[PDB]
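Colleague: Sharing a structure below in structure tokens format, with a few things to ask.
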Amino acid sequence: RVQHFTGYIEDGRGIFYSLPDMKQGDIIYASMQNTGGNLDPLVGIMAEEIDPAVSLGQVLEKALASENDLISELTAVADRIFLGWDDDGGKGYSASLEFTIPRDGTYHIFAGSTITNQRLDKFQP
Amino acid sequence: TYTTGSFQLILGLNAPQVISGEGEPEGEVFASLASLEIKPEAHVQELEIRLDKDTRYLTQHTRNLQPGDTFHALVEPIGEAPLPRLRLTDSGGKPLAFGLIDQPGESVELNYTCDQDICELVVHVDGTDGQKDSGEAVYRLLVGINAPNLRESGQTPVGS
């Protein structure tokens with residue numbers, strides 16, 4: 001059972017995908033690859049659909065003002081928002097995820113952009 | 001003189017076609033790398049850096065790291081200069097590690113381990129906390145590969 005999707009991400013505004021009525025014991029697989037631009041894929045899975053924008057924005061708020069160590073603050077926030085996630089598990093910066101369905105019900109898949117730095121003259125997430 | 005370069009080695013056991021130089025891999029392996037039986041060789045390098053008023057940001061590039069390797073670094077100021085920030089990113093700028101201030105807060109240290117087939121690392125040292133023109137602050141930077149004893153090296157910089 002394989003399905004394809006294509007989309008566009010603008011300024012860290014993610015896209016939700018619905019997985020209606022999965023059964024306990026199923027295994028979900030995900031992979032997200034960049035096909036244009038400077039996008040850095042990120043994927044997460046959760047039960048109740050809530051917009052991560054408000055929570056992820058505080059990570060950019062903290063790093064922009066201090067040291068804060070982004071890789072620490074992002075992991076802590078992600079481990080709360082999502083039941084499972086992956087940043088760079090694939091070829092390059094592409095993500096890949098394996099997730100065993102805990103119980104019976106429906107879940108949501110979140111695709112979007114992570115917080116990264118892409119400069120060597122100065123640090124700016 | 002001696003010579004330098006890369007090479008391809010084909011070994012055969014009771015396979016007379018090897019001496020032709022065209023033997024394709026077959027059968028079950030019989031030989032292995034000898035260096036894997038012992039401990040790796042450490043490489044250590046120390047440099048002195050200065051952060052001027054207009055040069056408060058400095059970056060350095062590291063040689064390629066093989067999978068399984070380890071990377072350590074530490075910074076210690078010469079005198080009363082304030083402790084700068086330390087972080088580690090790849091060639092594209094993706095963050096990988098951040099510096100930790102020790103309980104005796106006179107130095108900052110960093111650590112990392114290699115997972116990918118080829119890793120290219122860049123070390124960032126910056127003191128642009130604000131806009132103060134401190135002047136001629138100078139720091140000592142110590143780096144090593146497969147050298148967990150950088151705290152007390154003892155030996156002079158060894159290896160490449």
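Each chain of the structure tokens is named A, B, ... in the order shown, its residues numbered from 1; ligands are numbered from 1 in display order.
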Show me, as a ChimeraX atom specification, the residues of chain B whose atoms get within 8 Å of chain A, using only C-alpha atoms for the distance check.

Modeller: /B:57,59,85,92-98

Colleague: Please identify all polymer residues within 12 Å of segment 19-32 of chain A, counting only C-alpha atoms, omitting same-chain residues fewer than 5 positions from it, and present them as a PyMOL selection string.

Modeller: chain A and resi 1-7+39-49+84-113

Colleague: Those residues you just picked out, can you put them in a file as a compact mmCIF listing (two decimals), in the first residue's frame with N, CA and C atoms?

Modeller:
# COMPACT_ATOMS: atom_id res chain seq x y z
N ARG A 1 0.83 -1.20 0.00
CA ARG A 1 0.00 0.00 0.00
C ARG A 1 0.87 1.26 0.00
N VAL A 2 1.02 1.87 -1.17
CA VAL A 2 1.91 3.01 -1.37
C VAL A 2 1.13 4.13 -2.04
N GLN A 3 1.34 5.36 -1.57
CA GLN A 3 0.66 6.53 -2.09
C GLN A 3 1.65 7.68 -2.23
N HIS A 4 1.45 8.51 -3.25
CA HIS A 4 2.32 9.65 -3.53
C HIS A 4 1.58 10.96 -3.32
N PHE A 5 2.32 11.98 -2.88
CA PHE A 5 1.78 13.32 -2.70
C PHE A 5 2.86 14.33 -3.07
N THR A 6 2.41 15.50 -3.54
CA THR A 6 3.30 16.60 -3.87
C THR A 6 2.70 17.90 -3.36
N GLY A 7 3.55 18.79 -2.86
CA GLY A 7 3.08 20.04 -2.31
C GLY A 7 4.14 21.12 -2.35
N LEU A 39 14.37 23.83 0.63
CA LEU A 39 13.56 23.20 1.67
C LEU A 39 14.34 22.11 2.41
N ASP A 40 14.18 22.08 3.73
CA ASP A 40 14.75 21.03 4.57
C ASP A 40 13.62 20.23 5.19
N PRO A 41 13.34 19.02 4.70
CA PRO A 41 12.13 18.30 5.12
C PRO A 41 12.11 17.93 6.60
N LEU A 42 10.90 17.89 7.16
CA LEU A 42 10.63 17.39 8.49
C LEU A 42 9.26 16.71 8.49
N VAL A 43 9.15 15.58 9.18
CA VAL A 43 7.92 14.80 9.22
C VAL A 43 7.62 14.40 10.66
N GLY A 44 6.35 14.46 11.04
CA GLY A 44 5.92 14.05 12.36
C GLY A 44 4.53 13.47 12.32
N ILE A 45 4.22 12.61 13.29
CA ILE A 45 2.95 11.91 13.35
C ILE A 45 2.33 12.13 14.72
N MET A 46 1.01 12.33 14.75
CA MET A 46 0.30 12.62 15.99
C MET A 46 -1.16 12.23 15.85
N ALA A 47 -1.84 12.11 16.99
CA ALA A 47 -3.24 11.72 17.02
C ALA A 47 -4.17 12.90 16.77
N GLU A 48 -4.14 13.89 17.67
CA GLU A 48 -5.02 15.04 17.54
C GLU A 48 -4.34 16.15 16.74
N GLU A 49 -5.05 16.68 15.75
CA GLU A 49 -4.50 17.68 14.85
C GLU A 49 -4.43 19.03 15.56
N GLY A 84 6.14 10.67 17.07
CA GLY A 84 7.30 10.20 16.34
C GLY A 84 7.68 11.15 15.23
N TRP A 85 8.98 11.24 14.92
CA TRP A 85 9.45 12.24 13.97
C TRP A 85 10.84 11.85 13.49
N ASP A 86 11.28 12.51 12.42
CA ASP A 86 12.61 12.30 11.88
C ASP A 86 13.02 13.53 11.08
N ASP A 87 14.29 13.93 11.20
CA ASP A 87 14.80 15.11 10.52
C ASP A 87 15.64 14.73 9.31
N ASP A 88 16.72 13.97 9.49
CA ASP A 88 17.73 13.76 8.45
C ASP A 88 18.07 12.28 8.29
N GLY A 89 17.08 11.41 8.42
CA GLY A 89 17.35 9.98 8.37
C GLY A 89 17.61 9.41 7.00
N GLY A 90 17.40 10.19 5.94
CA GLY A 90 17.55 9.72 4.59
C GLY A 90 18.80 10.24 3.92
N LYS A 91 18.80 10.17 2.59
CA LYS A 91 19.95 10.62 1.79
C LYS A 91 20.00 12.14 1.82
N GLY A 92 21.03 12.68 2.45
CA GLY A 92 21.14 14.12 2.60
C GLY A 92 20.30 14.60 3.77
N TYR A 93 19.49 15.64 3.53
CA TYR A 93 18.64 16.21 4.56
C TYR A 93 17.22 15.65 4.52
N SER A 94 16.99 14.61 3.72
CA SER A 94 15.67 14.01 3.60
C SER A 94 15.34 13.18 4.83
N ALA A 95 14.05 13.10 5.15
CA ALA A 95 13.57 12.40 6.33
C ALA A 95 13.00 11.03 5.96
N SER A 96 13.07 10.10 6.92
CA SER A 96 12.48 8.78 6.78
C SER A 96 12.05 8.30 8.15
N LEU A 97 10.84 7.73 8.23
CA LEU A 97 10.23 7.44 9.52
C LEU A 97 9.53 6.09 9.50
N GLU A 98 9.72 5.31 10.57
CA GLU A 98 8.97 4.09 10.82
C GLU A 98 8.23 4.24 12.14
N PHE A 99 6.94 3.92 12.14
CA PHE A 99 6.10 4.15 13.31
C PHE A 99 5.08 3.03 13.42
N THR A 100 5.13 2.27 14.52
CA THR A 100 4.16 1.22 14.79
C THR A 100 2.91 1.83 15.42
N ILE A 101 1.75 1.55 14.84
CA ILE A 101 0.48 2.12 15.29
C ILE A 101 0.17 1.63 16.70
N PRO A 102 0.14 2.52 17.70
CA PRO A 102 -0.01 2.08 19.10
C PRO A 102 -1.31 1.35 19.39
N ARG A 103 -2.43 2.03 19.19
CA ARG A 103 -3.76 1.51 19.45
C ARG A 103 -4.61 1.68 18.18
N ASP A 104 -5.91 1.43 18.29
CA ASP A 104 -6.83 1.54 17.16
C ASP A 104 -7.43 2.93 17.13
N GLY A 105 -7.46 3.53 15.94
CA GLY A 105 -8.00 4.86 15.76
C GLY A 105 -7.40 5.52 14.53
N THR A 106 -7.57 6.83 14.45
CA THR A 106 -7.05 7.63 13.35
C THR A 106 -5.92 8.53 13.83
N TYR A 107 -5.05 8.92 12.90
CA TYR A 107 -3.89 9.74 13.22
C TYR A 107 -3.67 10.77 12.12
N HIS A 108 -2.76 11.70 12.38
CA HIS A 108 -2.42 12.78 11.46
C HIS A 108 -0.92 12.78 11.18
N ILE A 109 -0.56 13.08 9.93
CA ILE A 109 0.83 13.21 9.50
C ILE A 109 1.09 14.67 9.17
N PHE A 110 2.19 15.21 9.69
CA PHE A 110 2.55 16.61 9.52
C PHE A 110 3.83 16.70 8.71
N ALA A 111 3.78 17.43 7.60
CA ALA A 111 4.93 17.69 6.76
C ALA A 111 5.22 19.19 6.75
N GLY A 112 6.50 19.54 6.78
CA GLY A 112 6.87 20.94 6.88
C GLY A 112 8.37 21.14 6.84
N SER A 113 8.80 22.25 7.42
CA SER A 113 10.20 22.67 7.40
C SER A 113 10.76 22.71 8.81

Colleague: Using DSSP on the backbone, list every residue of chain A that comes out as alpha helix (DSSP H), and give them as a list in words.

Modeller: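 For chain A, the alpha helix (DSSP H) set is residues 53, 54, 55, 56, 57, 58, 59, 60, 61, 62, 63, 70, 71, 72, 73, 74, 75, 76, 77, 78, 79, 80 and 81 of chain A.
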
Colleague: Emit the selected residues as a short mmCIF file (atom, residue, chain, number, x, y, z; two decimals), in the first residue's frame, including N, CA, C and O atoms.

Modeller:
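This went into out07.cif:
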data_model
loop_
_atom_site.label_atom_id
_atom_site.label_comp_id
_atom_site.auth_asym_id
_atom_site.auth_seq_id
_atom_site.Cartn_x
_atom_site.Cartn_y
_atom_site.Cartn_z
N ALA A 53 2.71 25.61 14.73
CA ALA A 53 3.35 26.89 14.46
C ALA A 53 3.60 27.68 15.75
O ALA A 53 4.69 28.24 15.93
N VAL A 54 2.63 27.71 16.66
CA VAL A 54 2.78 28.49 17.88
C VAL A 54 3.90 27.94 18.75
O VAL A 54 4.67 28.70 19.34
N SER A 55 4.03 26.61 18.84
CA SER A 55 5.06 26.01 19.67
C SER A 55 6.44 26.14 19.02
O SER A 55 7.42 26.45 19.70
N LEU A 56 6.53 25.88 17.71
CA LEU A 56 7.81 25.96 17.03
C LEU A 56 8.33 27.39 16.95
O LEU A 56 9.55 27.60 16.90
N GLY A 57 7.43 28.38 16.92
CA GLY A 57 7.88 29.76 16.88
C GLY A 57 8.70 30.17 18.09
O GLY A 57 9.64 30.96 17.96
N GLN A 58 8.37 29.63 19.26
CA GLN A 58 9.14 29.95 20.46
C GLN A 58 10.57 29.44 20.38
O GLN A 58 11.46 30.02 21.01
N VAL A 59 10.81 28.38 19.61
CA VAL A 59 12.18 27.90 19.41
C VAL A 59 12.99 28.92 18.62
O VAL A 59 14.15 29.20 18.95
N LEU A 60 12.40 29.49 17.57
CA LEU A 60 13.07 30.56 16.84
C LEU A 60 13.22 31.81 17.70
O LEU A 60 14.19 32.56 17.54
N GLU A 61 12.27 32.04 18.61
CA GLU A 61 12.37 33.21 19.49
C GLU A 61 13.53 33.11 20.46
O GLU A 61 14.03 34.15 20.92
N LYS A 62 13.90 31.91 20.85
CA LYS A 62 14.92 31.79 21.86
C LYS A 62 16.28 31.81 21.27
O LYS A 62 17.19 32.34 21.87
N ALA A 63 16.43 31.21 20.12
CA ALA A 63 17.72 31.09 19.51
C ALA A 63 18.12 32.41 18.98
O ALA A 63 19.27 32.81 19.13
N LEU A 70 19.91 25.47 19.64
CA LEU A 70 18.82 24.92 18.85
C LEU A 70 18.63 23.43 18.83
O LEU A 70 17.50 22.99 18.93
N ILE A 71 19.69 22.64 18.69
CA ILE A 71 19.49 21.19 18.54
C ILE A 71 18.99 20.59 19.80
O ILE A 71 18.40 19.52 19.78
N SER A 72 19.18 21.26 20.90
CA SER A 72 18.60 20.78 22.12
C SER A 72 17.17 21.23 22.16
O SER A 72 16.29 20.41 22.32
N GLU A 73 16.92 22.53 22.03
CA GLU A 73 15.54 23.00 22.15
C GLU A 73 14.53 22.42 21.14
O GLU A 73 13.38 22.25 21.47
N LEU A 74 14.95 22.10 19.95
CA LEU A 74 14.10 21.51 18.93
C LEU A 74 13.73 20.08 19.29
O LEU A 74 12.58 19.67 19.11
N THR A 75 14.69 19.30 19.79
CA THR A 75 14.40 17.92 20.17
C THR A 75 13.40 17.87 21.32
O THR A 75 12.46 17.06 21.30
N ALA A 76 13.57 18.73 22.32
CA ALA A 76 12.66 18.74 23.46
C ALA A 76 11.25 19.12 23.04
O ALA A 76 10.27 18.53 23.51
N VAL A 77 11.12 20.11 22.15
CA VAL A 77 9.79 20.52 21.70
C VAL A 77 9.16 19.45 20.82
O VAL A 77 7.96 19.17 20.91
N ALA A 78 9.95 18.83 19.94
CA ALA A 78 9.43 17.80 19.05
C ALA A 78 8.97 16.57 19.82
O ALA A 78 7.93 15.98 19.50
N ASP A 79 9.73 16.17 20.84
CA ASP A 79 9.34 15.01 21.64
C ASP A 79 8.05 15.24 22.42
O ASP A 79 7.48 14.27 22.92
N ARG A 80 7.60 16.48 22.53
CA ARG A 80 6.32 16.80 23.15
C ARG A 80 5.21 16.91 22.10
O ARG A 80 4.11 16.38 22.30
N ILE A 81 5.48 17.59 20.99
CA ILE A 81 4.45 17.82 19.98
C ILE A 81 4.06 16.51 19.30
O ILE A 81 2.87 16.22 19.12
#

Colleague: So which one's closest to residue 24 of chain B, B:11, B:121, B:86, B:147? Using only C-alpha atoms, please.

Modeller: B:11

Colleague: For the structure I just gave you, how does DSSP split segment 13-97 of chain A - specifically, which residues are strand (DSSP E or B)? Reply as number ranges by chain.

Modeller: A: 15-22, 27-32, 41-46, 84-86, 95-97

Colleague: Would you export the selected residues with C-alpha atoms as a PDB file, in the first residue's frame, please?

Modeller:
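See selection24.pdb below for the written result:
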ATOM      1  CA  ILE A  15       0.536  20.584   5.508  1.00  0.00           C
ATOM      2  CA  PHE A  16      -1.559  18.032   7.400  1.00  0.00           C
ATOM      3  CA  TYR A  17      -2.502  14.633   5.983  1.00  0.00           C
ATOM      4  CA  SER A  18      -5.212  12.444   7.509  1.00  0.00           C
ATOM      5  CA  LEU A  19      -4.886   8.689   8.071  1.00  0.00           C
ATOM      6  CA  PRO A  20      -8.458   7.559   8.820  1.00  0.00           C
ATOM      7  CA  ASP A  21      -9.018   4.510  11.034  1.00  0.00           C
ATOM      8  CA  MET A  22      -5.684   2.733  11.265  1.00  0.00           C
ATOM      9  CA  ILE A  27       3.444  -0.084  10.526  1.00  0.00           C
ATOM     10  CA  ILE A  28       3.573   3.373   8.927  1.00  0.00           C
ATOM     11  CA  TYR A  29       6.442   4.440   6.670  1.00  0.00           C
ATOM     12  CA  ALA A  30       7.246   7.974   5.515  1.00  0.00           C
ATOM     13  CA  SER A  31       9.828   9.628   3.276  1.00  0.00           C
ATOM     14  CA  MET A  32      10.127  13.256   2.177  1.00  0.00           C
ATOM     15  CA  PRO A  41      12.127  18.302   5.121  1.00  0.00           C
ATOM     16  CA  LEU A  42      10.630  17.387   8.495  1.00  0.00           C
ATOM     17  CA  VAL A  43       7.917  14.804   9.219  1.00  0.00           C
ATOM     18  CA  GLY A  44       5.923  14.050  12.364  1.00  0.00           C
ATOM     19  CA  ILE A  45       2.946  11.909  13.352  1.00  0.00           C
ATOM     20  CA  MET A  46       0.300  12.625  15.991  1.00  0.00           C
ATOM     21  CA  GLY A  84       7.303  10.199  16.343  1.00  0.00           C
ATOM     22  CA  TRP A  85       9.452  12.238  13.973  1.00  0.00           C
ATOM     23  CA  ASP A  86      12.614  12.302  11.880  1.00  0.00           C
ATOM     24  CA  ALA A  95      13.569  12.398   6.330  1.00  0.00           C
ATOM     25  CA  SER A  96      12.483   8.781   6.779  1.00  0.00           C
ATOM     26  CA  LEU A  97      10.227   7.440   9.524  1.00  0.00           C
TER      27      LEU A  97
END

Colleague: Hey, which of B:107, B:14, B:4, B:131 ends up closest to residue 75 of chain B? Count only C-alpha atoms.

Modeller: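 Nearest candidate to residue 75 of chain B out of B:107, B:14, B:4, B:131: B:107.
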
Colleague: Expressed in Å to a single decimal, how great is the separation between atom CA of residue 123 of chain B and atom CA of residue 5 of chain B?

Modeller: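 Taking atom CA of residue 123 of chain B and atom CA of residue 5 of chain B, their separation equals 28.5 Å.
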
Colleague: Would you compute the distance between atom CA of residue 45 of chain B and atom CA of residue 76 of chain B? Give it in Å to one decimal.

Modeller: 14.2 Å

Colleague: Got a sec: who's within 10 Å of residue 151 of chain B, counting only C-alpha atoms, leaving out chain neighbours fewer than 2 positions off, as an NGL selection string?

Modeller: :B and (72-74 or 109 or 142 or 147-149 or 153-154)

Colleague: So that I have them on file, write out the residues from the current selection with C-alpha atoms, as a PDB file, in the first residue's frame.

Modeller:
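part06.pdb was written with the following content:
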ATOM      1  CA  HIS B  72      36.820  16.753  20.267  1.00  0.00           C
ATOM      2  CA  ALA B  73      37.686  20.417  20.751  1.00  0.00           C
ATOM      3  CA  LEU B  74      38.238  22.921  23.549  1.00  0.00           C
ATOM      4  CA  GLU B 109      34.397  21.919  25.148  1.00  0.00           C
ATOM      5  CA  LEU B 142      42.928  22.729  20.920  1.00  0.00           C
ATOM      6  CA  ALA B 147      42.052  11.800  20.934  1.00  0.00           C
ATOM      7  CA  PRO B 148      39.725  11.733  23.965  1.00  0.00           C
ATOM      8  CA  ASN B 149      42.628  12.813  26.227  1.00  0.00           C
ATOM      9  CA  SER B 153      47.550  15.742  26.003  1.00  0.00           C
ATOM     10  CA  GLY B 154      51.115  15.708  27.317  1.00  0.00           C
TER      11      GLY B 154
END
